[PDB]
Each structure stands twice: as C-alpha cells, then as structure tokens.
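*Asks:* My questions all concern the structure below.
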Amino acid sequence: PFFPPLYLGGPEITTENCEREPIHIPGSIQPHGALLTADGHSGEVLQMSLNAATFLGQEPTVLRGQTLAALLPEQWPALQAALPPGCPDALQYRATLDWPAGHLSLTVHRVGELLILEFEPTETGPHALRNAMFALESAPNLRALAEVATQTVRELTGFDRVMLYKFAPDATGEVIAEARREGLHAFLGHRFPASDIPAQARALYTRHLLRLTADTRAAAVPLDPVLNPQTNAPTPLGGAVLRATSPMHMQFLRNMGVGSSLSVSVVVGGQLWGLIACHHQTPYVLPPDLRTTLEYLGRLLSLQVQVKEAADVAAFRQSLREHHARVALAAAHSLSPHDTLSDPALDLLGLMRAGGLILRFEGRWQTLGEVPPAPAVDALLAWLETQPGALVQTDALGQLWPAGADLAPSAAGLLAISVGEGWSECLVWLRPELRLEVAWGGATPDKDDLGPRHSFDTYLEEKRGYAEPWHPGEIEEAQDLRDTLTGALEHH
Amino acid sequence: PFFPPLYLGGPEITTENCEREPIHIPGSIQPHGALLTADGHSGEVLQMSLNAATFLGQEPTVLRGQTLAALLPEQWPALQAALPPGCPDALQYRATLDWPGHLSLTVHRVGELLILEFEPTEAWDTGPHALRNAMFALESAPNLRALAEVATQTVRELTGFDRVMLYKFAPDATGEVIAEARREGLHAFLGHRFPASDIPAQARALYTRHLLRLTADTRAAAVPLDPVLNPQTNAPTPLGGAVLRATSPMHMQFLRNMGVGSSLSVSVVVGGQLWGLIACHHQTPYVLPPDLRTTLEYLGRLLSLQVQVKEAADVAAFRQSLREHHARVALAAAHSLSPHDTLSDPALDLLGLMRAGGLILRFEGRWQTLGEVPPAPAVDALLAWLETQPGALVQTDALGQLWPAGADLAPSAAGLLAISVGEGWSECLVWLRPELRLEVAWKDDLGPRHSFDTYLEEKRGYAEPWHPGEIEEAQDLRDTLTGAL
Ligand SMILES: *C/C=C1/C(=C/c2[nH]c(/C=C3[NH+]=C(/C=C4\NC(=O)C(C=C)=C4C)C(C)=C\3CCC(=O)O)c(CCC(=O)O)c2C)NC(=O)[C@H]1C
Ligand SMILES: *C/C=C1/C(=C/c2[nH]c(/C=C3[NH+]=C(/C=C4\NC(=O)C(C=C)=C4C)C(C)=C\3CCC(=O)O)c(CCC(=O)O)c2C)NC(=O)[C@H]1C
C-alpha cells in the first residue's frame with residue numbers, strides 16, 4: 001500500500017518502510033535534461049521542469065501555456081499520429097530536433113490524458129551491435145551467453161562494471177556474469193536478498209525496460225507546478241528516462257562509490273528474469289543514441305536467454321536419463337542391493353549432485369559421503385515412516401522436521417524415495433547447508449550500514465539451514481527411478 | 001536425398017523433382033558483390049568469384065594464392081578471433097574496409113574453410129529512429145494480426161519495397177499471407193495460401209539456420225567460383241550461409257512469372273521452428289545496402305520474440321472466452337425445462353462455442369438440428385456411425401477420410417467434433433463444419449495462380465481445423481452435461 005510522496009506531506013523513507021515509497025511520482029527529474037507535460041488533445045503545455053527554461057532557450061512563463069503545435073511545428077502532427085489516444089504508456093516516439101543553444105533528442109510517451117516530453121542533448125562501433133547479435137545467438141549455453149552480454153555492453157559503453165543479475169525463484173538476486181575495469185573488486189558470485197529491489201521497482205522494471213542515475217549526488221529538478229492542472233494529481237513519471245531516482249537507492253550506490261548507474265531489463269514471458277546492470281565510479285551520461293543500442297541488446301538477450309536456458313535444461317535431463325538407465329542396468333543384474341548401489345562406478349551421489357546418501361534395504365542401512373552420525377540416521381529414517389506417499393522433498397528439513405535442526409551441516413537438504421511402498425526400503429539423498437565465500441574476498445566495497453557488504457551477509461542470514469534447491473528435473477528423475485527400482489525386487 | 005549440382009553432371013531441375021535440388025551448393029554468386037574462400041588456419045586464398053578481380057581492384061591470378069594476412073592486414077587477426085575454429089556456420093563477423101571505394105566485409109566459417117563476402121557500402125549508419133519507434137510499436141500492438149500489420153508496414157516504410165507480406169506456416173506446412181502492405185495499384189495477396197511444395201524442405205531447413213536471403217535481380221547471370229571445387233577436399237563449397245549465394249533457378253522463374261524483379265525475405269523463428277517469413281517483392285531489380293539489411297535482421301528477431309508473446313496471449317484470451325461461454329451453457333443446463341429446447345435456444349448459441357456451421361442434438365431417443373446440416377437420412381447414418389467409435393470424443397478436419405460413406409456429406413459437414421453425454425452414443429452433441437472454401441486473393445504454368453488452385457485441390461473435402469482449446473473445452477462440457485442428467 002503506497003505512501004504519499006514527500007511533496008504531499010509523506011513520511012520519511014527509512015530502511016524499514018522503503019517497500020512503500022511511491023517511486024513512480026517523485027515530481028522531479030534529473031538535471032542532465034528537461035521535461036514538459038502537455039494536454040493530449042490541445043497540446044497546451046501544463047507543467048515544466050525548472051531547468052527547461054535554460055535547455056530549450058526560452059523564458060519560464062513564455063513556455064507555460066503555449067501549444068506544442070507552435071513549439072514543435074514539424075513534430076506535433078507526427079508525434080500525435082505515433083501515439084494514438086488510449087495507447088499504452090510503454091509506447092515511445094523519438095526524433096531529433098535542430099534548435100539554438102543545439103541538437104536535442106525528443107522522447108515522447110502518453111499517459112492517458114497527458115503527454116510527457118523529454119529533452120536531452122545529442123548529435124561509435126559501426127558493426128559492434130550486429131556482430132554481438134550473432135555472438136549471443138552462437139553462444140553454447142546460458143553462462144557463455146551471459147559472458148558475451150556483459151562483455152559486449154562494456155565494450156560499447158565503456159562502463160567501469162557491467163554485471164548480469166539473475167533473479168532466483170525466491171526473488172533473490174545473483175551476479176551470474178561480470179566484466180569490469182582491471183583493479184576493481186569482483187562481484188561475480190555475490191547474491192542479494194529480495195528486499196534490495198522492492199516489488200514496486202520490480203513491477204516498474206517489467207513495464208519499462210531502462211532506467212539510469214547519471215549522477216548519484218546531483219540535486220533533483222522539480223516540476224512546476226508539481227501537480228497536474230488537469231486533475232490536481234501527481235504526474236506519473238514511471239515511463240520517463242529522466243525520472244528522479246529514489247533517494248534510498250541513490251545512497252546505496254553512493255556507499256559503493258558508484259557515481260553513475262544504468263540497467264536494462266531482461267524479460268521472458270512477462271516475467272522479470274534479470275537485469276544487465278552497469279556501474280560507473282564517476283558521473284556519466286549515456287548519449288540517447290547509444291542507450292538505444294543497449295535497448296536492442298536488452299530484447300535480443302530476452303529472446304536468447306529463453307532459448308539457451310531451455311536448451312541447457314534439455315541437455316541436463318538428457319544426462320539424467322542416461323545416468324538413470326545406467327543405474328537400472330546394474331539394478332537388474334544385482335548381486336547385493338547395497339553393494340550395487342554403493343558402487344562408486346555408478347555414483348548415486350552424482351545423479352542428484354548430493355553431499356551424502358543413505359541406502360536402506362533388507363532391514364538395515366549404509367551411508368555414502370558426508371552424512372550425520374549413527375543415531376541421527378535412525379531418527380531420520382523413523383521420521384520418513386511418518387510421511388505419506390513415495391517421495392519427500394525439501395531445501396531445508398530443519399523447518400519441515402523440527403528435531404533435525406541440529407543435522408543441517410551434513411544434511412540440510414533432502415530428497416528421499418521409498419522403493420517398496422512404506423519406508424522400509426528407500427534411497428535418501430542429502431545436501432549440505434548452503435555456504436558461499438564473500439564475492440570480493442580481500443578488498444571491501446564500503447561497511448555495517450546500508451550497502452552490498454550488509455546485503456550479502458543478510459542474504460546468507462535468510463538462508464540459515466537452507467541447502468541448494470533441487471532442480472525439478474532431479475525431482476522428476478528421482479520419481480522415475482523410484483518406479484524402476486521397485487521393478488528390481490522381482491529378484492526378491 | 002539430394003541430387004548432384006548441375007556443374008557435376010547433375011540432372012535437370014524439373015517441377016517434379018525440385019525437392020531434391022542442392023540449393024546450398026550452386027558454385028556461383030550474384031553479380032552485385034564478390035566472394036573469396038580461404039584456408040581457416042593459413043588464410044591462403046583458395047577460390048574466388050570471376051568478378052572479384054573487378055570489385056577488389058586486383059588481377060585474377062594475383063589474388064589467388066595470397067594470404068589474408070597480406071590482403072586484410074588489420075582485419076585478418078580480428079576476423080580470426082571473432083570466428084574461433086570449430087564455431088558454427090551461423091556465426092558472422094562484419095566490418096567495413098577503405099579501399100581503392102568503401103567495402104563491406106562479411107565473414108563466416110564453415111569448418112576448415114573461411115568464406116568472405118564483399119559488397120559496396122558507405123561510412124555511417126539502425127535508424128534514424130525508425131527502428132526504435134517500430135520496436136516499441138510491435139511491443140505495444142494488441143494481438144498477432146495488429147503485430148503483423150506493424151511489421152509489414154514498418155518494413156515497407158524502411159525499404160520502400162513494392163510489396164511486403166508476412167507468411168505464416170500452418171501446422172501442415174502450407175503458407176498463408178496473414179498481413180500485407182503494398183504500392184497502390186497492385187493486386188492483393190492478403191488471404192492467398194500456398195502448398196507445402198512451393199517452399200521445399202531443403203529451403204525450409206536452410207531458412208531456419210540462416211535468417212536472410214535475397215535475389216537482387218531475378219534475370220541476372222550468376223557468377224561462378226574459380227575453381228568451383230574446394231582445393232582442400234575437392235568438394236563443393238557450401239554457400240548456404242552466404243548472402244551472395246545464387247538463388248535457385250527454379251524459384252527465380254517463379255518470381256519472374258509474377259513480374260518480380262527483386263526478392264528479399266527474413267525468417268521468423270520461434271522455438272527452433274520456422275514460424276513464418278517477412279517476404280518482400282520489388283517489380284524492378286533492387287539491391288538493399290548492407291547496413292539497411294541489418295535493420296531488417298533486427299526486426300526479424302524482435303518479431304520472433306513478439307510473435308511468440310502476442311500469439312500465446314491471444315490464445316489465453318481465446319480459451320478465456322470459451323470458459324465464460326461454457327459456464328453460461330452450464331447455467332441454463334442445471335435449470336433445464338427440456339434438454340432440446342435449452343440447447344437449441346439461440347440465446348446460448350451452441351453453434352458459436354465451436355464456431356460451427358451445423359449442430360446435431362441427440363437426447364431422449366430422438367434428434368434435432370441447428371444451422372446447416374445434411375439431409376434427414378444422412379443424419380441417421382451419421383449417428384449410427386458414431387456408435388461404432390470408442391470413447392467420449394470424436395474429432396476430424398475431414399470425416400470423408402475417417403468415414404468413407406460420408407464423403408457425399410462434405411458440403412454441409414466435412415469437419416466434425418462430437419461428444420457423448422452419457423457413456424455410449426445414445427445422447428450426444430455433434431458440431432459440424434462446412435468444407436473449406438476461399439475466394440481468389442486478387443497463368444496455367446508455374447506461378448501463384450497455379451499455386452492457389454493446387455492448394456484448394458489438396459484441401460478437397462477438408463474443413464477449417466479445430467483449435468486445441470475448442471477440443472479441450474468440448475471435453476470439459478462433455479463432463480458438465482453428464483452432470484445435468
Ligand atoms: C529499502 C529499499 C531497498 C532498496 C531500494 C531500491 N532499490 C532500487 C533499485 C535497485 N536496487 C538494487 C540492489 C542492488 N544493486 C546492486 O548493485 C547491489 C549489489 C551489488 C544490490 C544489492 C539494484 C540492483 C537496483 C537496480 C538498478 C541498479 O543496478 O542501479 C530501487 C528503485 C529505484 C528506481 O527505480 O528509481 C529502490 C527503491 N535498496 C536497498 O538496499 C533496500 C534498502
Ligand atoms: C518444387 C519447386 C518449387 C519451388 C522452389 C523454391 N522456392 C524457393 C524459395 C521460395 N519459394 C516461395 C514460394 C512463394 N513465394 C511467393 O511469394 C509465393 C506467392 C505469393 C509463393 C508460392 C517463397 C516465398 C520463397 C522464399 C523467398 C522469396 O520470398 O523470394 C526456393 C529456395 C530459394 C533459394 O534460396 O535458392 C526453391 C528451391 N517454387 C515452386 O513454385 C515449386 C514448384
């Protein structure tokens with residue numbers, strides 16, 4: 001439930017209520033350009049940023065109450081045809097102007113009744129985009145795609161760091177690829193919690209696929225009037241590039257020594273899959289024509305992420321079928337159940353990429369790899385008889401079974417299947433608690449306050465007693481092997 | 001099973017064996033540019049188009065047996081890094097050169113061999129903002145039709161082609177022109193459908209790998225390679241991934257018979273599947289500049305993503321309509337006065353649920369019709385036949401095939417979708433569709449006029465096919481109306 005903005009007597013945005021900041025209506029822009037609002041039908045100029053006087057080269061009460069028909073004689077008709085009334089706010093029309101001051105870049109979009117116009121100053125790799133397109137397409141897998149992405153974006157822009165975040169099923173982030181300036185601390189591997197990108201921001205980033213912060217310490221430029229004359233309501237700048245960045249996030253960037261930010265959304269199936277995220281250590285305004293190149297990549301990558309990721313998962317379960325069949329080969333020609341499955345040539349640990357494994361057959365049990373102590377295994381198998389059905393699954397049995405909280409370091413994660421119905425005979429794969437070393441290692445990005453160092457520690461805190469989650473393809477192949485090994489007791 | 005090419009004593013490519021033409025190895029290029037092949041490791045020039053002497057500005061035995069290290073001193077290292085040995089043939093590296101004029105080098109690797117394409121260009125750009133605005137337009141279009149309109153309109157505005165169509169391949173591999181933009185005073189192709197034959201499987205498969213090919217002049221002479229065979233292996237040079245590949249002579253005739261001077265087409269690919277083509281025709285010869293073709297390639301991929309999204313969201317809203325309709329039937333079904341009266345009620349419109357021409361309602365030992373249905377005795381034989389079938393549901397685009405005795409009934413009922421209310425076909429609903437018929441989109445030999453007639457011939461006794469969402473909702477309604485007894 002949104003708060004009111006600061007300019008309508010809204011509360012202070014603290015770290016404990018930030019998920020309710022109305023980031024879409026700051027009533028102000030960034031000072032590297034200028035903004036006008038105008039009536040959708042009449043073209044009468046209604047609002048204006050204070051600095052618009054100086055960019056456009058006219059006086060502050062001469063622009064207000066003037067027609068766009070007069071101000072943009074060539075563009076006003078084409079502008080209008082490009083944005084029919086009732087079209088969505090995502091739709092944008094661009095063109096370049098030739099004015100005294102100099103060359104400007106007009107970027108227009110319609111929010112219902114209102115037209116919003118953004119003015120920036122304008123005016124080099126000729127085949128860098130085309131070659132990058134073919135490179136992304138001919139990359140072998142998601143990692144290699146992610147490498148080409150971050151590398152290409154860095155070559156085009158000359159940013160100090162270019163990362164690619166991938167959002168996990170639980171909304172937490174992970175830096176899956178990186179390209180950076182020599183002598184900067186790495187973020188590759190860093191994960192951050194869902195909190196650090198509020199749902200309001202996620203949702204906004206799914207609609208509009210680009211936003212920047214050109215100077216993390218610049219003063220915002222208010223609109224005048226701040227409220228829309230049409231409705232006496234705040235102006236929705238969510239789809240304007242020049243929107244003032246949230247003051248909360250601006251601090252976060254400043255605490256990393258980030259002068260400038262930029263990020264392109266990667267969207268697959270109406271879902272925010274990730275972000276190309278760019279940081280510079282000094283203020284840096286990308287020229288409008290170059291930002292367009294990043295936008296093309298944003299969409300080329302959106303298509304290609306989907307294709308490479310789906311083809312990776314095809315080849316993943318393909319490996320699990322061959323492995324599964326190789327288990328079932330030895331299972332039919334079985335000397336002793338325990339001996340055949342404990343055989344390291346088969347590698348039942350490697351099928352489910354497990355740290356440990358409990359094998360239970362003919363009234364007794366054996367382990368393989370890292371497993372909890374003797375008595376714990378008996379209580380664990382006792383607990384398995386409590387559960388209904390053939391399959392049991394969890395990323396943290398500490399939650400699902402309270403008495404097994406102590407067993408997390410050996411076995412936080414669990415995947416189990418009963419061979420006969422009833423848990424007398426069963427396989428039980430176990431995974432260790434999730435632990436990752438810090439992404440920078442030696443260096444520091446900050447320290448105890450708001451920042452990435454805090455964000456990493458507080459991510460690991462959220463994953464207390466949590467294991468690496470089971471791939472759905474592993475849970476499916478577990479349940480196929482459950483049915484196969486039932487057929488291997490036709491020898492018993 | 002491919003034939004040998006014409007230059008290795010291959011047979012004549014007729015209209016009856018064209019599905020076996022080795023279109024990937026014509027051993028020749030189009031005369032608006034030039035081609036070199038070179039060794040992947042050494043960079044030694046092996047083959048060369050006869051016209052390459054002219055374009056590059058050197059003599060025909062001076063270029064052959066020269067290194068790319070010498071010829072392209074700046075590019076040869078970068079070229080090589082961009083195309084690692086064993087990388088796929090789809091991967092392309094481009095750069096512009098500055099020679100005695102400006103040339104556009106386009107390189108790709110086919111295993112051991114490097115293939116280099118030279119076309120004339122300029123030193124600028126991809127825009128101005130026509131591409132960017134078109135991207136946002138495609139994205140903010142409401143459905144597949146509206147997307148297809150923006151596509152063909154935008155491509156025509158950028159290129160200035162005479163016609164720009166969008167083909168959509170059907171499940172059976174036949175084509176359909178779903179959208180068009182053209183010059184005022186040209187005959188429309190919107191609605192035209194063509195059979196699977198007219199784009200051979202070899203060409204389909206090639207168009208899935210490489211997403212662009214042209215024919216700059218439909219009556220120009222091809223330019224052979226010298227030598228035609230590769231010195232490495234004494235094997236033909238695979239030009240499948242080269243833009244300058246000579247177009248099949250068979251298709252070139254087809255275009256000429258339409259009065260088409262120039263052709264161009266971009267592949268639309270969704271999930272490793274050739275979904276359709278942006279297809280462009282000009283009535284005079286027309287060479288697209290390399291920089292502009294790149295703009296079409298970007299759209300080809302933007303459209304590939306967006307086709308998928310709009311089409312999946314259309315189908316979401318389609319079955320969404322069928323749920324509301326289904327529930328509105330089940331509302332009247334529970335408060336039923338007489339089964340026949342309630343379902344024959346035009347306020348419910350059981351015809352409109354499955355978009356049917358006719359409907360047979362069978363309840364309490366008797367039957368009634370609705371809309372266009374075959375004669376009285378035919379309906380009795382049809383319901384007799386339904387008792388033969390196992391299960392609750394029966395489905396077909398042409399019952400003439402599935403039931404031989406109902407061949408005569410096609411004009412009223414070629415297509416059939418049927419469901420039994422109780423188990424056993426005593427009580428049942430039977431939707432019926434007419435035979436598929438379409439008017440001409442706008443002589444006797446090869447051409448689109450022949451292709452349209454021969455498409456309709458293939459769809460003899462065939463109806464419009466049932467959407468899977470209609471067959472699914474049919475089977476849900478089957479279970480709902482069992483509950484109304
Ligand atoms: C209490 C609110 C939180 C929050 C506010 C906030 N954050 C954003 C946008 C981003 N926040 C991000 C988080 C990180 N960025 C990083 O680089 C790292 C570590 C390496 C983290 C953890 C990111 C990535 C973004 C996207 C943009 C970018 O990369 O620069 C917003 C939205 C602002 C807007 O759209 O104008 C808001 C309101 N940040 C917090 O830490 C918590 C406190
Ligand atoms: C059995 C041989 C036939 C055949 C050979 C053939 N055709 C192509 C390429 C295309 N053929 C197309 C068919 C049509 N294009 C149209 O515009 C229309 C009518 C509106 C039809 C029916 C199309 C669309 C293409 C794609 C390229 C383009 O649009 O120009 C090839 C492959 C070309 C190459 O790369 O070498 C071949 C071998 N054409 C026939 O009619 C049958 C007899």
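Letters A, B, ... mark the chains of the structure tokens in the order given; residue numbers begin at 1 per chain; ligand numbers begin at 1, in order shown.
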Residues within 6 Å of ligand 1 should be enumerated using only C-alpha atoms and all ligand atoms and returned as a list in words.
*Replies:*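 I would give the residues around ligand 1 as residues 15, 18, 19, 192, 195, 196, 197, 198, 201, 245, 246, 248, 249, 261, 262, 263, 277, 452 and 455 of chain A.
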*Asks:* Enumerate residues in contact with ligand 2: an atom-to-atom distance of at most 7 Å, counting only C-alpha atoms and all ligand atoms. Format the result as a PyMOL selection string.
*Replies:* chain B and resi 15-19+21+23+189+194+197-200+203+213-214+246-248+250-251+254-255+263-265+279-280+446-448+451
*Asks:* Tell me which protein, DNA and RNA residues are within 7 Å of residue A:160, counting only C-alpha atoms, leaving out same-chain ones fewer than 3 positions away, and put them as a PDB file with N, CA and C atoms, in the first residue's frame.
*Replies:*
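Result file is result-v4.pdb:
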ATOM      1  N   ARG A 180      34.546  -5.978 -15.962  1.00  0.00           N
ATOM      2  CA  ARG A 180      34.925  -4.812 -15.161  1.00  0.00           C
ATOM      3  C   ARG A 180      36.331  -4.298 -15.477  1.00  0.00           C
ATOM      4  N   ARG A 181      36.647  -3.110 -14.959  1.00  0.00           N
ATOM      5  CA  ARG A 181      37.961  -2.491 -15.139  1.00  0.00           C
ATOM      6  C   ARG A 181      38.970  -3.176 -14.242  1.00  0.00           C
ATOM      7  N   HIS A 279      27.563   0.014 -13.639  1.00  0.00           N
ATOM      8  CA  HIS A 279      28.022   0.994 -12.648  1.00  0.00           C
ATOM      9  C   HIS A 279      29.241   1.739 -13.169  1.00  0.00           C
ATOM     10  N   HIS A 280      29.294   3.047 -12.912  1.00  0.00           N
ATOM     11  CA  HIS A 280      30.499   3.854 -13.142  1.00  0.00           C
ATOM     12  C   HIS A 280      30.867   4.571 -11.861  1.00  0.00           C
ATOM     13  N   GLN A 281      32.165   4.745 -11.638  1.00  0.00           N
ATOM     14  CA  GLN A 281      32.654   5.329 -10.394  1.00  0.00           C
ATOM     15  C   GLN A 281      32.662   6.849 -10.398  1.00  0.00           C
TER      16      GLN A 281
END
*Asks:* Which chain A residues have any atom within 6 Å of an atom of chain B, and for each, what is the nearest pair of atoms with distance in Å to one decimal, counting only C-alpha atoms, rows sorted by chain and number, as CSV?
*Replies:*
residue,atom,partner,partner_atom,distance
A:91,CA,B:136,CA,5.4
A:93,CA,B:133,CA,5.5
A:131,CA,B:93,CA,5.5
A:134,CA,B:91,CA,5.5
A:138,CA,B:91,CA,5.9
A:303,CA,B:305,CA,5.8
*Asks:* Pick out the residues sitting within 12 Å of residue B:404, and hand them over as a PyMOL selection string; count only C-alpha atoms, and ignore anything fewer than 6 positions along from it in its own chain.
*Replies:* chain B and resi 382+385+398+410+414+461
*Asks:* So that I can check the surroundings of residue B:453, please list as a short mmCIF file (atom, residue, chain, number, x, y, z; two decimals) with N, CA, C and O atoms, in the first residue's frame every protein, DNA and RNA residue that reaches within 12 Å of it, counting only C-alpha atoms and ignoring chain neighbours fewer than 5 positions away.
*Replies:*
data_model
loop_
_atom_site.label_atom_id
_atom_site.label_comp_id
_atom_site.auth_asym_id
_atom_site.auth_seq_id
_atom_site.Cartn_x
_atom_site.Cartn_y
_atom_site.Cartn_z
N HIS B 192 -4.28 -15.17 -49.73
CA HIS B 192 -3.65 -16.23 -50.53
C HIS B 192 -2.98 -17.28 -49.63
O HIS B 192 -2.29 -16.93 -48.67
N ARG B 193 -3.20 -18.55 -49.95
CA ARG B 193 -2.49 -19.66 -49.33
C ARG B 193 -1.79 -20.48 -50.40
O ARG B 193 -2.30 -20.63 -51.50
N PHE B 194 -0.62 -21.03 -50.06
CA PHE B 194 0.18 -21.84 -50.98
C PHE B 194 0.57 -23.17 -50.33
O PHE B 194 0.71 -23.24 -49.10
N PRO B 195 0.74 -24.24 -51.14
CA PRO B 195 1.00 -25.56 -50.56
C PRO B 195 2.42 -25.69 -50.03
O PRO B 195 3.26 -24.82 -50.26
N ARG B 437 -13.53 -23.33 -48.12
CA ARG B 437 -13.55 -22.64 -49.41
C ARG B 437 -13.19 -21.17 -49.22
O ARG B 437 -13.72 -20.49 -48.34
N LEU B 438 -12.27 -20.71 -50.06
CA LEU B 438 -11.78 -19.33 -50.05
C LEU B 438 -11.79 -18.78 -51.47
O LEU B 438 -11.44 -19.49 -52.42
N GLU B 439 -12.19 -17.52 -51.61
CA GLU B 439 -12.12 -16.83 -52.91
C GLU B 439 -10.69 -16.51 -53.26
O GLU B 439 -9.85 -16.43 -52.37
N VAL B 440 -10.43 -16.30 -54.55
CA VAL B 440 -9.08 -15.92 -55.02
C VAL B 440 -8.63 -14.56 -54.45
O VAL B 440 -9.43 -13.63 -54.35
N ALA B 441 -7.35 -14.48 -54.09
CA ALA B 441 -6.77 -13.34 -53.35
C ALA B 441 -6.72 -12.01 -54.13
O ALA B 441 -6.65 -10.94 -53.51
N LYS B 443 0.13 -18.31 -66.15
CA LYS B 443 -1.32 -18.37 -65.97
C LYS B 443 -1.77 -19.78 -65.61
O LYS B 443 -2.44 -20.00 -64.59
N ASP B 444 -1.38 -20.73 -66.46
CA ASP B 444 -1.60 -22.16 -66.24
C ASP B 444 -0.29 -22.86 -65.81
O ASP B 444 -0.34 -23.91 -65.16
N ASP B 445 0.86 -22.28 -66.16
CA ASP B 445 2.17 -22.83 -65.80
C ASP B 445 2.51 -22.56 -64.32
O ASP B 445 1.62 -22.26 -63.51
N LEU B 446 3.79 -22.71 -63.96
CA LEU B 446 4.35 -22.29 -62.67
C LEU B 446 4.05 -20.82 -62.29
O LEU B 446 4.28 -19.90 -63.08
N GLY B 447 3.56 -20.62 -61.06
CA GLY B 447 3.18 -19.29 -60.57
C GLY B 447 2.19 -19.35 -59.41
O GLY B 447 1.77 -20.44 -59.01
N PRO B 448 1.81 -18.18 -58.85
CA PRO B 448 0.94 -18.12 -57.67
C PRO B 448 -0.52 -18.46 -57.97
O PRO B 448 -1.24 -18.92 -57.08
N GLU B 458 -5.62 -29.70 -52.83
CA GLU B 458 -5.13 -30.50 -51.69
C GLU B 458 -6.11 -30.53 -50.50
O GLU B 458 -6.18 -31.52 -49.78
N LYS B 459 -6.86 -29.44 -50.32
CA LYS B 459 -7.90 -29.34 -49.29
C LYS B 459 -9.30 -29.68 -49.82
O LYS B 459 -10.29 -29.02 -49.49
N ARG B 460 -9.38 -30.73 -50.64
CA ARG B 460 -10.67 -31.25 -51.10
C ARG B 460 -11.29 -32.08 -49.98
O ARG B 460 -10.65 -32.98 -49.45
#
*Asks:* Running DSSP on the backbone, which parts of stretch 230-367 of chain B land in alpha helix (DSSP H), as a ChimeraX atom specification?
*Replies:* /B:249-257,290-334,339-344,350-353
*Asks:* If we count only C-alpha atoms, what is near residue B:62 at a cut-off of 12 Å, once residues fewer than 6 positions away on the same chain are taken out, given as a ChimeraX atom specification?
*Replies:* /B:45-46,48,52-53,56,71
*Asks:* With C-alpha atoms retained, export the selected residues as a PDB file, in the first residue's frame.
*Replies:*
ATOM      1  CA  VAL B  45      43.036 -17.671 -50.778  1.00  0.00           C
ATOM      2  CA  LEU B  46      41.716 -20.822 -52.478  1.00  0.00           C
ATOM      3  CA  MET B  48      37.339 -16.658 -55.981  1.00  0.00           C
ATOM      4  CA  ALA B  52      36.204 -10.454 -57.735  1.00  0.00           C
ATOM      5  CA  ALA B  53      39.039  -9.158 -59.921  1.00  0.00           C
ATOM      6  CA  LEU B  56      38.584  -5.657 -55.190  1.00  0.00           C
ATOM      7  CA  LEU B  71      45.294  -8.714 -48.138  1.00  0.00           C
TER       8      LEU B  71
END
